[PDB]
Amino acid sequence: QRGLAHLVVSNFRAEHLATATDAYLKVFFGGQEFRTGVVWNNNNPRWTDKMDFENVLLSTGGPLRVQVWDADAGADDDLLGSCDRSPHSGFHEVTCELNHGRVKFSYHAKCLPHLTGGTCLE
């Protein structure tokens, strides 16, 4: 099958998210899902998570979706914002502007052998 790649997403951090924020991320690609921990009381959080999505369909299986949530203990959490990317092969630094502030992360996408092209369709 064409369009297949290894996808690893990392180096998650956010800026100016507010007035106190308790942020965590949910990160999706196709049917797969990761969730980070909560950084309590911080408008510029960083998370150490490395998210290996292993083999994915880079073309059709997307998008890569990052949700930035504010944990509210004893109530419903607040969705601060969300962004989508259609990943391309290589190494990429993403900046997602939110209504307030932004979230940043990197990803590496490498086509499976005998595939090439920016979305591994060739």
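Note that residue numbering follows the sequence shown and begins at 1.
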| property | result |
| --- | --- |
| Residue 18 to residue 19: deposited residues without atomic coordinates | 4 to 9 |
| Segment of higher mean CA temperature factor, 72 to 80 or 41 to 49 | 72 to 80 |
| Of 95 to 103 and 21 to 29, the stretch whose C-alpha atoms average the higher B-factor in the entry | 95 to 103 |
| Among 36, 60, 86, 67 - the residue whose C-alpha B-factor is largest in the record | 60 |
| Chain third (lowest, middle, highest) by recorded CA B-factor, residue given as residue 8 | lowest |
